[PDB]
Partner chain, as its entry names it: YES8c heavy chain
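Just one chain follows, in the form solved without the partner chain, and it is written as structure tokens.
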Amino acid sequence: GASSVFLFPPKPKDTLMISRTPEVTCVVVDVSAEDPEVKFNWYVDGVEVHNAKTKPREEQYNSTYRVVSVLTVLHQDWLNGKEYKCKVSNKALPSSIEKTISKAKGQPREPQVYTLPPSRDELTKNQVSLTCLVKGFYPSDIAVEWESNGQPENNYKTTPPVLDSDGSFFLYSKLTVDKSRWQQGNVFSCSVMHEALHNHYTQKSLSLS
């Protein structure tokens, strides 16, 4: 079952902040109740490692079992482009199944962050859209958040990264707020974390002009 095994990268924020602990996560589903202990082998740049913490089989709501293995990774290892391999050996199956993941290769490029106030035409509405354009970044791993008065905002959506014509990525984040909060002069801030920004962080603000 080369499709019962899933390997997840660390969160973008986790690899960029010293206070956080990035992990790669190997998930195997559909283990039968009659199957023996599923084995995980982990490799970093081809070298086997043994510090993974594997979760005892958890019974599911569809009668199957799930096994999750978690490997903590070093911030710099991930950022320096090391390859993480997860190999899952379920003896009830013919074959072991391997997956590999790593940071995309290529010169990192610094995001340029721009905030855009609502379109004049939208000011007629009950709620208005505050836009954060983030462009020119590489690789596509990035975190974007909105806040106001030191507090996280409740209502925003961010597009996936989109490949631009010069080989870098862009995205937009759309924050929706009541027109009243906008008219009252509240300051809103889009913060962005990416490996190619100084301090891995930058913020741009937006308020009624």
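Numbering follows the first chain given and starts at 1.
- Here 83-91 and 107-115 are compared by their mean Cα B-factor, and 83-91 comes out higher.
- For the pair 142-150 and 31-39, the mean Cα B-factor is higher in 31-39.
- Residue set 156, 61, 182, 170: peak C-alpha B-factor at 61 (per PDB entry).
- Among the modelled residues of its chain, residue 49 has a C-alpha B-factor that falls in the highest third according to the deposited record.
- Per the PDB record, residue ranking by Cα B-factor puts residue 68 in the highest third of the chain.
- Residue 129: CA B factor in the lowest third of modelled residues in this chain (values from the PDB entry).
The following text describes the form deposited with the partner chain bound, which does not appear among the structures shown.
- Residue 110 belongs to the set of residues with a heavy atom inside 4.5 Å of the partner chain in the bound PDB entry.
- Among residues of the shown chain, residue 87 is not one whose heavy atoms approach the partner chain to within 4.5 Å in the bound PDB entry.
- The partner chain is not drawn, but in the bound PDB entry it has a heavy atom within 4.5 Å of residue 16.
- Of the heavy atoms in residue 197, some are within 4.5 Å of the partner chain in the bound PDB entry.
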